[PDB]
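Okay, here we've got a single chain as C-alpha cells, the form deposited in one PDB entry, with questions on binding and movement later.
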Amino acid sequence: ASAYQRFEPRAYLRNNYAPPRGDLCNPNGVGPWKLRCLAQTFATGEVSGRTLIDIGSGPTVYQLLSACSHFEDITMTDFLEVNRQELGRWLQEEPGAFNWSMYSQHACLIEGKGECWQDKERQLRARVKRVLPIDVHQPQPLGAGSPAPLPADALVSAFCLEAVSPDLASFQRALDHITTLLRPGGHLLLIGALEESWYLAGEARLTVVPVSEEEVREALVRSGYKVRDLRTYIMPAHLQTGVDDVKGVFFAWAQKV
C-alpha cells in the first residue's frame, strides 16, 4: 500500500486514458470495448435501483457514464486523497480538470438515444452525491458511519481489486469486503486487468496480482455471486505501451444471490 503514496493521478490518466489507449475512434480499441460492455449491460434494464457505489474510482469517471442514467444516487470512492481531489476538479468543472468528453461522446454514441455528451456529463455530475475514502482491505471498506446509503442496489469497480491485492487470496478477501456493501439480489459490474503484474503512475511503481478469467469467475462464485456475464478483451500489440504489462481486460456482470 505504501507504494500508492507516490501514485500520480495525472501520470495515471495520461498512461491509460490518453492516446493510444484513450483514442476512441478505433472500434477495436479497449476504450470502446469497455464502454460497450457497460452500455449493453445497462440496456438490458436488469441493473436498476436507487443507489450505486463505485469502488476505487481513482481519478476516472468513464466507468459511470452509462450507469448514471439508472441510479439517482451515486457514491464514488478512492483510497487516495489526490485521486478524490482530481475527481473533484472534474465534478466541479474546476481549472485543469481531465477532459473526459471523448468518452462521454462515445458513450452517447454507443447508447443510441441521441443524447448530447454535455447532457450526459451534466447528469453524471448531478447524480454523484459524494466522493468518499475507502479501503477494500477493511471488513467495512467505507468505515463505520459512512455517509453512503447502504446497502447499495449496485456496485461498479474498475481496475481496483487486482491492483491493490498481493495475491489471489487477498484479492478474494477484498471481493468479500466490498460484497458486504451490496444488497442481496443487487448487481456488481467489475472491470479488471488480466495477467498484469505491475504498472506505473509517474514515480509510483505498483504491484498487481496476475489473474485469469477462470480465477475471476471462481472468486465471484466463492463470494456468493451468480455470474451473468464474463467477457475478455485481448490487449493488442499497439496498446501495449510500456506503462504496464496487462495482457487482457475482463468485464464481469455478477449478481449477488
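Note that the rigid core is defined as the largest set of C-alphas that superpose within 1.5 Å between two forms. Residue numbers here begin at 1 and follow the sequence given.
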**Prompt:** Higher mean Cα B-factor in the deposited model: 102-110 or 74-82?
**Reply:** 74-82
**Prompt:** Which has the higher mean CA temperature factor in the PDB entry, 165-173 or 137-145?
**Reply:** 137-145
**Request:** Sort 51, 197, 63, 212 by C-alpha B-factor from the entry and give me just the highest.
**Result:** 51
**Fill in**
Top Cα B-factor in this entry, restricted to 30, 38, 206, 221, sits on 221
**Prompt:** If you rank the chain by CA B-factor, which third does residue 257 end up in: lowest, middle or highest?
**Reply:** highest
**Relative C-alpha B-factor of residue 47, binned into the chain's lowest, middle or highest third** = highest
**Prompt:** In terms of the CA temperature factor given in the entry, to which third of its chain does residue 123 belong: lowest, middle or highest?
**Reply:** middle
**Asked** Lowest, middle or highest third: where is residue 150 by C-alpha B factor in its chain?
**Response** highest
**Asked** In terms of the chain's CA B-factor thirds, is residue 226 lowest, middle or highest?
**Response** highest
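Missing here is the form deposited in another entry; even so, the following discussion is about that form.
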**Prompt:** Given a rigid core superposition of the two forms, which one of 204, 230, 43, 221 has its CA shift by 2 angstroms or more between this form and the one not shown?
**Reply:** 204
**Message:** If the two forms are fitted on the core, does residue 20 show a Cα displacement reaching 2 angstroms between this form and the one not shown?
**Reply:** yes
